[PDB]
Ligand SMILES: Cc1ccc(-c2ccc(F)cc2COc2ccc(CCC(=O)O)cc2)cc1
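Just the one chain here, the form solved without the named molecule, laid out as structure tokens.
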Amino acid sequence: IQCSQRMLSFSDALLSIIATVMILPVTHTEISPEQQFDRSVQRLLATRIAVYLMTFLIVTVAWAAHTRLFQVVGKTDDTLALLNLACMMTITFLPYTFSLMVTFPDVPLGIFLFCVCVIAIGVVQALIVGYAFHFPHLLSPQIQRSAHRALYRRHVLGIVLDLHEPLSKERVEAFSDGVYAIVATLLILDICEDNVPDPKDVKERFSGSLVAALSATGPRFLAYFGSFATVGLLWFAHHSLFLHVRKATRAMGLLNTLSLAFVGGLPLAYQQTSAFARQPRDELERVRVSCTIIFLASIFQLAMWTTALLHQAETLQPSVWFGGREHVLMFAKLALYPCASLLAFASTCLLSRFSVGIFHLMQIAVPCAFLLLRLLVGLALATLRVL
């Protein structure tokens, strides 16, 4: 018997990696389909993106089940820790099994394997629940303290084999941190992994000028800089939001999951945007994709905050309630990215020929706006105080 907080943190660290495993193929795709190979490369990329989204949602469902499981339970020991490790091992196969099933939907073997993996996860979770209930001290204080323990003996056991449901705020934060950390550094792993100039390559195709090779690699560095900045600032908005949240309802969990699923695409968006256009006309499409992905990433954080405001009395700290001290600041912080991305996207059509410039200007303005947001909001409130 001991505190289970750390093993849950490790479980979230594993679940973030497993959920975001499937973006690696997407970012390793053929970014430059020269000779107009788009006709097939884009179909392949769409298949990979669909697989990534589906696997992320499935693994997030598994994580939700896991957090509820270790929310009826409230303690740990060697046996529970090892059972949780086994459950985590059985969850890591969901991405591969689902990808195999999607690749071979006709062959029954893929679906059989996916069903076997799901049944295994359920079996290990049922084992965890049974072990926890056989030793009553391991349950959460309420479950063991309550004389209604007999019905709880069946409730979640049946569940393993709704928008007001309180999720674990700490575990939502941990999973979000893991996903943001993975996504922000997603495409520096690529640069470190394969983008170190080989001595022979610089000698032959650059005449021995290392700076020429570094310049050739430059675009990937620009992509990484933009992607890290965007994802880190989205995480900053997320962190500011959850600092003022007292409870996380399942609606907030769903909106957070959508936000993370759409955040996962930012590395691809910036990687495409830095692969400068052979025909500048499609740079408009690249910028549109980047802006729409950023908006989808951030608008769901804003939607989560508003869904929380719907019950702020019980869900949000007083500092952020309607008319609170930091309500206006919170709204500005959460809506800074949606508004900027939407304005840039509109510029892609109404002011198309300057769209790349406006997008690169937004990438520089939004960080400064976040840095100066307190002062800007103070100025805005002073202006709309006499006027």
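In case it trips you up, residue 1 is the first one in the sequence shown, and so on.
What comes next is about the form deposited with the named molecule bound, which is not displayed.
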| note | Among 251, 202, 216, 157, just one has a heavy atom within 4.5 Å of the named molecule in the bound PDB entry, namely 157
| query | With the named molecule left out of view, which of 258, 127, 275, 113 would have a heavy atom within 4.5 Å of it in the bound PDB entry? | reply | 127
| message | I have 59, 68 and 167 flagged as a candidate spot, so tell me whether each of them has a non-hydrogen atom within 4.5 Å of the named molecule in the bound PDB entry. | response | no
| query | Is there a heavy atom of residue 75 no more than 4.5 Å from a heavy atom of the named molecule in the bound PDB entry? | reply | no
| With the cut-off set at 4.5 Å between non-hydrogen atoms, does residue 153 touch the named molecule in the bound PDB entry? | yes
| Does the named molecule get within 4.5 angstroms of any non-hydrogen atom of residue 109 in the bound PDB entry? | no
| said: Just checking whether residue 210 would be counted as a contact of the named molecule in the bound PDB entry - the rule being heavy atoms within 4.5 angstroms. | reply: no
| task | With the named molecule left out here, work out from 118-126, 284-292, 305-313, 239-247 which stretch has heavy atoms within 4.5 Å of it in the bound PDB entry. | result | 118-126
